[PDB]
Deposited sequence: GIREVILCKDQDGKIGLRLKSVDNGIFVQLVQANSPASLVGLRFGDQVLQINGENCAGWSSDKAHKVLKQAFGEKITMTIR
């Protein structure tokens, strides 16, 4: 059930995705409709296992910010 999404930022540099760290995982909390995130089928409750090929379990906010807000982003999803 593991999938990969390969996302492209929109014209304003955004993806339309809200991620939440909750005990033992990073999860999708909100996907804006008609966004790059919604176009690759991300949904509430999806678990993000990898970001740009790195396992992201237990990442701090700083680490996520560095990786995600330092125009292709990849994520491994369960």
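Numbered from the first deposited residue, the sole unresolved range runs 71 to 73.
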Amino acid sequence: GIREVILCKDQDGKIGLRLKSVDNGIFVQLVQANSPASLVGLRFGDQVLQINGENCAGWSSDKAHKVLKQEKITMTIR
From here on, numbers count along this sequence of modelled residues.
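Relative to one another, 26 to 34 and 49 to 57 have unequal mean CA B-factors, and 49 to 57 is the one with the higher figure. Mean C-alpha B-factor is higher over 61 to 69 than over the other stretch, the pair under comparison being 5 to 13 and 61 to 69.
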